[PDB]
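Peer 1: model this:
(4 chains, ligands or ions: 4)
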Amino acid sequence: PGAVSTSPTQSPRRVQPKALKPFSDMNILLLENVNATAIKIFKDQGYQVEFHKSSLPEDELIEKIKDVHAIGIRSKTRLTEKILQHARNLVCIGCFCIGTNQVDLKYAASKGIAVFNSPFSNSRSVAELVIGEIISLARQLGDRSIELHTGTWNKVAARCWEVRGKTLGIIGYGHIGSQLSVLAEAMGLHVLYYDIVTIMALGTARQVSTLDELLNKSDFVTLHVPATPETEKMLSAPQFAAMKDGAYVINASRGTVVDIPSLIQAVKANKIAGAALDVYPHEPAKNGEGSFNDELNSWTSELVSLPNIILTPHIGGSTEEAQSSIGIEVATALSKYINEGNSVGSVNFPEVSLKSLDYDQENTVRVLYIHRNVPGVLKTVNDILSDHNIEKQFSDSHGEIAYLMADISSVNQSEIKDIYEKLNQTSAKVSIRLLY
Amino acid sequence: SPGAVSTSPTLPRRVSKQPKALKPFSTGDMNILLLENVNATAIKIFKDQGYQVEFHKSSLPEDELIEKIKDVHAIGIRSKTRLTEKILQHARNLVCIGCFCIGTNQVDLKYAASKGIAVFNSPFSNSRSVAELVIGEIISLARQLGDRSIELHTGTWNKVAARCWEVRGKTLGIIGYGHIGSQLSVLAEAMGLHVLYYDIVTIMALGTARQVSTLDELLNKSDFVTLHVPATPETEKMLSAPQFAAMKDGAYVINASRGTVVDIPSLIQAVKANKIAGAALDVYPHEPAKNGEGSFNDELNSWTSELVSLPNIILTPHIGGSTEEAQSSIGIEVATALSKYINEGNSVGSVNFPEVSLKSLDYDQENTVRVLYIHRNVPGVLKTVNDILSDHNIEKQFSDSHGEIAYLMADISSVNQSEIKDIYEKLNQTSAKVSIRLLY
Amino acid sequence: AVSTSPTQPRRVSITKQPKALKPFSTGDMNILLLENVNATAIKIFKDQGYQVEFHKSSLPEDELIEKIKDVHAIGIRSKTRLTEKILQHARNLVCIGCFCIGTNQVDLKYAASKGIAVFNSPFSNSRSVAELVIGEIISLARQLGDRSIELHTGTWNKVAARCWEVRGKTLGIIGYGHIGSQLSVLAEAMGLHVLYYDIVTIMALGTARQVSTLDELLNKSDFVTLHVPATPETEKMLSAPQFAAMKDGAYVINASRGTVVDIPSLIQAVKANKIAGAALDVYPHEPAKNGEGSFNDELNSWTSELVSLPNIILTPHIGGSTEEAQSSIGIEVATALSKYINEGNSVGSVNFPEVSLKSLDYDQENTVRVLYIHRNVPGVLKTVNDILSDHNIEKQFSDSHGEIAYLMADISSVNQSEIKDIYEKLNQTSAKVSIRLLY
Amino acid sequence: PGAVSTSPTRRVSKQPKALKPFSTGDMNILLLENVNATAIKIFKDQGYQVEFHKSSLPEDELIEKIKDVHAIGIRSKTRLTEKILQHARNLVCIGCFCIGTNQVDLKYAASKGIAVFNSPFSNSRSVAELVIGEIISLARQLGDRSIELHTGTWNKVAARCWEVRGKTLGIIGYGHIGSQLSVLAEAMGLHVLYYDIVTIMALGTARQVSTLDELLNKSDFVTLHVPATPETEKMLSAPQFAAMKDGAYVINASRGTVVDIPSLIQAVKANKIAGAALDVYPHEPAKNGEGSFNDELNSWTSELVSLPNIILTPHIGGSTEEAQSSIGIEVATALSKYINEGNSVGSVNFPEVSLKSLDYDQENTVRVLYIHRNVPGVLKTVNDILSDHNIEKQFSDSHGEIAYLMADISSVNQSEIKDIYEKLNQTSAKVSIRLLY
Ligand SMILES: NC(=O)c1ccc[n+]([C@@H]2O[C@H](COP(=O)([O-])OP(=O)(O)OC[C@H]3O[C@@H](n4cnc5c(N)ncnc54)[C@H](O)[C@@H]3O)[C@@H](O)[C@H]2O)c1
Ligand SMILES: NC(=O)c1ccc[n+]([C@@H]2O[C@H](COP(=O)([O-])OP(=O)(O)OC[C@H]3O[C@@H](n4cnc5c(N)ncnc54)[C@H](O)[C@@H]3O)[C@@H](O)[C@H]2O)c1
Ligand SMILES: NC(=O)c1ccc[n+]([C@@H]2O[C@H](COP(=O)([O-])OP(=O)(O)OC[C@H]3O[C@@H](n4cnc5c(N)ncnc54)[C@H](O)[C@@H]3O)[C@@H](O)[C@H]2O)c1
Ligand SMILES: NC(=O)c1ccc[n+]([C@@H]2O[C@H](COP(=O)([O-])OP(=O)(O)OC[C@H]3O[C@@H](n4cnc5c(N)ncnc54)[C@H](O)[C@@H]3O)[C@@H](O)[C@H]2O)c1
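Peer 2: Residues are numbered from 1 along each chain as shown, chains lettered A, B, ... in the order given. Ligands and ions are numbered 1, 2, ... in the order given. Next up is the structure itself:
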């Protein structure tokens, strides 16, 4: 009838390293008003920081970047071949943001320049926004507050709903989708999610096989997808046709993923009761007045005349929490690459690291040798280092570039200069630093 | 020794005799009048009882109401329809009044009670709708959503993260830890907020909230301050200049309680001085009585012009309980309450009447009759009634007094169709009688 | 369409302080407590003004009859039998406290016919039984008892074979009542899947699942525990066919009733290597006192065979035998008597009509409470309400339990003079069983 | 004035390449001391040939058996000395299916390029559950109750019998076991305090206490989850028992040495300690046996076993089917990844070295596993020998006098393999070389 047998095998934080210095104080340039957390991390390392609140014109940048060891940018400052080619001293680039398209990664890598970003530091800020907007759409808060500001009193309960017992449809169950799932359940929503992949539910959310089943059974539909050919305009006339009468659409994902004119048709036809958009096919480049208009997007005027539409200026990760933790994530990443040669989490460089050295390891030196990925190079380097015990050593390749880290013992101030000069003279060399 | 090991200090729902369906000795079918667009849930409950329902979406003029209420057994109103002696005095048949709302002031309770007319309301069925609103507004204030959406609608793009905060790790100060305060406490903890609460009573925390001894400790340590208090002399203008002075630089004020409890001009000063970073108000010292355009202006409240000038103020027209869920559960709560008073004489939860009920009778208790005798609260009346019913075993009996009115319910066995008519006529002829119904 | 959802803190009570009522013709109240009732009961009774006589033992029928002549309330446990023979001499007895679950040691029907209200504590033992079952699940899983018996005789036997970690295992709970449900939550916390069978549909706590047949439970369970009442349908409800339906190497725990398991079948199943272990707290026949040669083949024919077996925990009805349980029995039952003696509250009584009224405000000077227990016949309310008719009855509640009935009335504007009159008149009525006045 | 301030701050996923050794005929595994069937299944599913025994082996038959063996699994009883490891031509790695490694000459094994693995933490849940069972059992005197009725005594007693809910558990050592116990104990409704020589972040709502003396003062049950160090030696003795509550309880499933049994016995005799559960004693029998636990082994045995409400267990804290089976998986997996990929992470005698697996489609990539003497010049030689191929990547680490290089090299055809093996095999510093292709 059965037997008692072995259960299936299941499936805290607690409280001395050597401070390494380069043979060459380092100079950091921070643009586009990076958070003060980044600034404090860099100053506490001894580094000299130059801080600006704006991007710089191509002219002043080329002048500034000549003598700089690390630069922090956001989405606005373009680092092209044109401007990176004058960067004699540049060790690494910090992108205090998710995007890296504003940097010529291929070129940066070929000069031995490591690039870091913060891809996931914004998840919580977007999830909270969507909760706020579910409630705000449910209750038509925006409309109520606009009315009373113009002096109109319109106390309405009709089609104004409580969120408890309603269905949230999450399209894309990723970093943000999943954090949202848990908040939504805590606010008493049933969570369905469609994804092109099978994913393990958090809490008591249920994965649905087709988009059509989600749109059919959902009161609120929210999008948390990347920009791909398949996500392009993936919500359009036929999707809105498949949704419940008086259902709600929220998009804080990508400007392209929803067909705004179809949305506008659906809202006009009383099929969709509300929408919140944080992202649009075309967005201003700077902040300012009459930026959001029919020159930018043809339907801007038509949308601004609809009831119960929340429109936001791409502010999903626009919190002090998000900016400060981007500051820490990226300043830490640079700080460990400059101080230890740690390239883990870089988007353009081979990923390489070694355990820190004890305070007690006098006269150990760390070789950071970026080089062309061809046969013969380790032969040369390990020949040059032959007079010293290599405690340990790690090399990895990323296409046509490669990165060796080596720890060598019994090196006096004299022998360092010798080893630098020899490694500097090698055929395959792209960049060499010694940490001492 | 450092003490001794000694004694520590100290069910789920189960599906578990059918009740007897009790008919009035009134041959006439019951007539329900529902005004002011009571929810369809109420209508359904009444029709399924057999009752005849007349439904209006508006109040009625005093003329048509007096005509209509002559032959009505139960009336449902909301806050608009005033039931005064003037109009209740013509109500021959009226058993009970339903207030499908929190307020009972629209009704002359004292007068209604003296005619044996029981009044019921729904005090608490709006709690969840208010708690959800406050969560929405904490986030909306934290992120300046309203301002962002107003900007982009006029064509201004202003992407700002300065003065924008993730609610996680912030402190919610709840003033009044009642029905709404407590439901808010749980939602706030789930959204990752620390909860403090001040209350003039000691109350057991839900989740991991902590009660604080003084208002001033709450104001000092809170990022968002929300009010969930009644309108009393002590709550009148209890948030003013000195309270805002005690609050954190860049803290937020939410008032969805009573329009008297906050001094709007002091808050306007505090917002102007960059001491308060945002506010959401659902309630005001003076509110329009109808919905309309240019209702919310300086004739009604002097500061309107300045208030609506400010950044990051959410203004709402008393919409805290304005949901379909809230209205529908008001429908069930109040229609059920009337239905049990009409069918069983249950007066528990009534606001103008003694609170009296008895266990239902089993389906198989043939020839048991229930006496519902509303009467003047004076000596001798139980003596009379229990004399009139001495030829019968009283299975059980409950009488309570509320001022000058009192309410006897009695279950009596071994009564045939003959003896019912006798008992009605006798009780109907008594000196203290205000109202008698028999259920069989 | 988007449509309407389906419909879905204790505080210091600032009330007007209640009025403390005293008895009228009574000088003082005498409580007799037998069978070593907890000190919590003693404290509650002394704080009420009552005079307490405390014994650690039952009393011989001789000394008891002498003692209960002049007694207002008696507290017993399971041993002291209160028969017609001994209750017939009880002139003054207002109420009986059973500081335990059982009320069979009392002649309830007789007690009721003399107007004597009986109270018990049915559910104050739940947590003590649930914890015991957790301890025993682990102890059986790991064969602790056997290991410790071995080493005490000097034998070292490190064994891992068919010793298990409870996490991942299935607890089958038969009877999802007060104990069943508390056990459910502890079991899930110790990482067990919980199934439960019950003859009623019941809402699961946590992530337990109710199963439609007993046989599904027995099939899918590693540990089967019973928390069921003693009924004709629970009698030997685990027998050969149930053990046959259980997993090879599954475990049986009975801390419910002595009759619910067939021990000869259990013994067979353990002998046939079908059942790997059992814990019994209850047996069809139990000693009456504690003693050294009590648990033997005279008491139960299979004892020598049962005690022969490996990995069987035998315990002497200690399911509820904790300091916590005894002390909270003390509070529950002493409170219940205290409120019946002081306020006439009969709610939770096992032999009387359930009747109470809201307390009176402190400032209701000259309001008196009539407690009139009487024969459930026509005309008695007529008489009483006649006797009271010179006074406003603020409120009044009468309920009937077969042939006995209980009226409580609050009456205003009564001076010390009119009290004596009203007592004497109610005392003289034909239907009267007992009358007290509180003022 | 104050100021609002910044807060503090499941998916299925390129198949791997299955790498074969260059000069192997079949892999031979020897498993001793009745290793769990989970290990056996993992090895058979790799293709390996498995020989399984339920007992340790005599030194004679072992030396014969280990000549031709690629991997051996032992537990604590088998002793792998220089004497017996010196005959092991083909031995790649040793599996300790247990927490102990002292039964192995680690230093010697390392110097021959023999990697040793264990399962240090596989037992944590089994020990935590035992302590829960024993807290309840001591609280209620279950053992005594069951011993009484078995002798025919009926003794229904509630005195000094307690419910655990509302009682205080003092955990000494908030490690792998301490921390799992913390969560179970809270769920059973105990307050948890813990002392540790390190500051550690509480799970749930447990509170770390500064001194041992505060723990002993405020605790109803004291349980020990520490390693064997000079500081833990007899750390519970007369003065600690003096500091504990009248009628408190002591549980030791840590190490045989950490409690002074004489003082415990005095404290129990004086009615200061109401009960104790011991799983570990300073001296323990060597086999299971019927007269083993006595005054020859520990002078206090006859006195200890006299006492009421003392649970005595035979080191059964990690004696469950679950624990043995997950030791099976942990250690068989560890060997399997070392044999198949050269992964040495979690090894106790060898350097810790690993690389990402290779994609299925990387034909003619070869992995060099070169164990060697930790001296200058060796990487120079090896990287010279390999210089006619692109090194995709390469990792070398040293552990004292031994060191371990892993390299991935591309564009290697069936011919060039034999050349590279022979050259690496001929180098002065070489201790062991395998090629995977
Ligand atoms: N509004 C903002 O300011 C802001 C800020 C941060 C992130 N985002 C954006 O939001 C999106 C989601 O963010 P994330 O970090 O959680 O992403 P993610 O990488 O964690 O997950 C994306 C999910 O989408 C799923 N997916 C991909 N294509 C799909 C399709 N066609 N249909 C359904 N599911 C599909 C993937 O399986 C994955 O689960 C991204 O585009 C991200 O850049 C916006
Ligand atoms: N916005 C709306 O549409 C709407 C809807 C429903 C309720 N409300 C109002 O909001 C309030 C909350 O209603 P509720 O059901 O939660 O009330 P409640 O009676 O359940 O709780 C009120 C709490 O306030 C506390 N309290 C009273 N005076 C206090 C004071 N001076 N300071 C601190 N604590 C004090 C009480 O102890 C109690 O805990 C009421 O005034 C109610 O009328 C508004
Ligand atoms: N061992 C002890 O010292 C001790 C102490 C307390 C209680 N108990 C006994 O344990 C039992 C459980 O106690 P409780 O307070 O939880 O009782 P309870 O009344 O709360 O629960 C009993 C449950 O059994 C269910 N049930 C009844 N007949 C059934 C049947 N034949 N099959 C399955 N389910 C059935 C009922 O529906 C109910 O859910 C009782 O017999 C009680 O006297 C023993
Ligand atoms: N009974 C058994 O069969 C069995 C099974 C497994 C483990 N164990 C033993 O149990 C112990 C705990 O195992 P674990 O995995 O939790 O170990 P662990 O290393 O994870 O934790 C030990 C903890 O003790 C602390 N500690 C060390 N010295 C201390 C001192 N003097 N005072 C207080 N705290 C101190 C450490 O800080 C650490 O947190 C070990 O000794 C282990 O061998 C026994």
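Peer 1: quick one, domains of chain A?
Peer 2: A:18-122+A:319-349, A:126-311, A:357-436 (automatic domain parsing).
Peer 1: Compare these and report which one is nearest to residue C:259.
Peer 2: When the domains of chain A are compared by Cβ to Cβ, domain A:126-311 sits nearest residue C:259, at 41.4 Å. To be clear about C-beta, it is placed using only N, CA and C from the backbone, and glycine gets the same treatment.
Peer 1: quick check, that closest one touching ligand 2?
Peer 2: No: if you take Cβ under 6 Å from any ligand atom as the test, domain A:126-311 misses ligand 2, and the best it gets is 9.1 Å.
Peer 1: Just the endpoints, please. Distance across that domain?
Peer 2: One end of domain A:126-311 to the other measures 14 Å (Cα to Cα, to the nearest Å).
Peer 1: Which secondary structure element is home to the residue in the stretch 251-400 of chain A that chain C sits nearest to?
Peer 2: For the stretch 251-400 of chain A, the residue closest to chain C is residue A:273, as judged by Cβ to the nearest Cβ, at 6.9 Å. According to DSSP states H and E, residue A:273 maps onto strand A:272-277.
Peer 1: Starting from that strand, tell me which strands it pairs with and how they run.
Peer 2: When pairing is defined by DSSP bridges, strand A:272-277 lines up against strand A:247-251 (parallel), strand A:309-311 (parallel).
Peer 1: After it, heading C-terminal, what element do we hit next?
Peer 2: helix A:300-303.
Peer 1: Can you list the buried residues in that following helix?
Peer 2: A:300, A:302-303 (16 or more other Cβ atoms under 10 Å in any protein chain shown).
Peer 1: about what we covered before: would you mind finding the most buried of the strands paired with strand A:272-277?
Peer 2: Highest mean neighbour count of the strands paired with strand A:272-277: strand A:247-251, a mean of 26 (counted as mean count of other Cβ atoms under 10 Å in any protein chain shown).
Peer 1: Dump that strand to CSV, restricted to CA.
Peer 2: Extracted in CSV, the C-alpha atoms of strand A:247-251 (Å, rounded to 0.1, in the frame of the first residue of the first chain):
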residue,chain,number,x,y,z
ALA,A,247,-9.9,46.5,-17.4
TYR,A,248,-6.7,48.6,-16.9
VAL,A,249,-3.3,48.6,-18.6
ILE,A,250,0.0,49.7,-16.9
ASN,A,251,3.3,50.0,-18.9
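Peer 1: and for that strand, what are the contacting residues?
Peer 2: The set of residues external to strand A:247-251 that reach it, using Cβ atoms under 8 Å, 6 or more residues apart in numbering or on different chains, is A:130, A:133-134, A:137-138, A:215, A:218-223, A:235, A:240, A:243, A:257-258, A:263, A:272-279, C:2.
Peer 1: Quick one: check it for contact with ligand 1.
Peer 2: No: residues of strand A:247-251 are not located near ligand 1 by Cβ under 6 Å from any ligand atom, the shortest gap being 8.5 Å.
Peer 1: count of residues packed around the residue lying closest to residue A:434 once chain neighbours are set aside?
Peer 2: Of all residues not flanking residue A:434 in the chain, residue A:23 sits nearest, at 4.8 Å (Cβ to Cβ, 6 or more residues apart in numbering or on different chains). The local packing of residue A:23 (other Cβ atoms under 10 Å in any protein chain shown) involves 13 other residues.
Peer 1: In contact with residue A:23, which residues?
Peer 2: Applying Cβ under 8 Å, 6+ apart, the residues near residue A:23 are A:416, A:420, A:433-434, A:436.
Peer 1: what number of residues lie near residue A:154?
Peer 2: The number of residues packed around residue A:154, counting by other Cβ under 10 Å, is 17.
Peer 1: which residue packs closest to the closest residue to ligand 2 within the stretch 301-436 of chain A, ignoring adjacent ones?
Peer 2: In the stretch 301-436 of chain A, the residue that lies nearest ligand 2 is residue A:308 (20.1 Å; Cβ to the nearest ligand atom). Distances taken as Cβ to Cβ, 6+ apart place residue A:274 nearest to residue A:308, at 3.7 Å, with adjacent residues excluded.
Peer 1: any idea how far that neighbour is from ligand 1?
Peer 2: Residue A:274 is 18 Å from ligand 1, where distance means Cβ to the nearest ligand atom, to the nearest Å.
Peer 1: How about residue A:20?
Peer 2: 34 Å.
Peer 1: Could you pull up phi and psi at the closest residue to that residue other than its chain neighbours?
Peer 2: Closest residue in space to residue A:20, ignoring its immediate chain neighbours: residue A:435 at 3.8 Å, by Cβ to Cβ, 6+ apart. Phi and psi for residue A:435, reported as degrees, to the nearest 10, are phi -110, psi 130.
Peer 1: and of the domains of chain A, who's closest to ligand 4?
Peer 2: Taking Cβ to the nearest ligand atom, domain A:357-436 is the member of the domains of chain A nearest to ligand 4, at 21.0 Å.
Peer 1: from the chain's centre, how far out does that closest one sit?
Peer 2: Chain-centre distance of domain A:357-436: 32 Å, with Cα atoms, centre = their mean, to the nearest Å.
Peer 1: Tell me the span between the first and last residue of it.
Peer 2: First-to-last residue span, domain A:357-436, Cα to Cα: 11 Å.
Peer 1: what does stretch A:156-169 give?
Peer 2: 26 Å.
Peer 1: what do you get for stretch A:95-104?
Peer 2: Taking Cα to Cα, stretch A:95-104 runs 12 Å from one end to the other.
Peer 1: Could you check how many residues crowd around the residue of the stretch 51-200 of chain A found nearest chain D?
Peer 2: Residue nearest to chain D within the stretch 51-200 of chain A: residue A:200 (3.5 Å; Cβ to the nearest Cβ). Neighbourhood size, residue A:200 [other Cβ under 10 Å]: 11.
Peer 1: Just give the closest residue to it, not the sequence neighbours.
Peer 2: Take residue A:200 and drop its neighbours on the chain: the residue closest to it by Cβ to Cβ, 6+ apart is residue D:10, 3.5 Å away.
Peer 1: And what about residue A:193, helix, strand or coil?
Peer 2: Of the three states, residue A:193 takes strand under DSSP: H, G, I helix; E, B strand; the rest coil.
Peer 1: Counting neighbours, what do you get for it?
Peer 2: Per other Cβ under 10 Å, the neighbour tally for residue A:193 reads 26.
Peer 1: cool, and residue A:398?
Peer 2: Residue A:398: 16 surrounding residues under other Cβ under 10 Å.
Peer 1: Could you do residue A:115 as well?
Peer 2: 21.
Peer 1: now residue A:412
Peer 2: Using other Cβ under 10 Å, the number of residues around residue A:412 comes to 8.
Peer 1: try the one 10 residues further on
Peer 2: The local packing of residue A:422 (other Cβ under 10 Å) involves 15 other residues.
Peer 1: Quick check: it touching residue A:386?
Peer 2: No: using Cβ atoms under 8 Å, residue A:422 is not in contact with residue A:386, being 11.0 Å away.
Peer 1: Tell me, how many residues neighbour residue A:64?
Peer 2: Here the number of neighbours of residue A:64 (other Cβ under 10 Å) works out to 18.
Peer 1: now the one 10 residues further on
Peer 2: Taking other Cβ under 10 Å as the criterion, the count of residues near residue A:74 is 20.
Peer 1: ok, now which ones touch it?
Peer 2: Taking Cβ under 8 Å, 6+ apart, one finds A:31-34, A:95-97 in contact with residue A:74.
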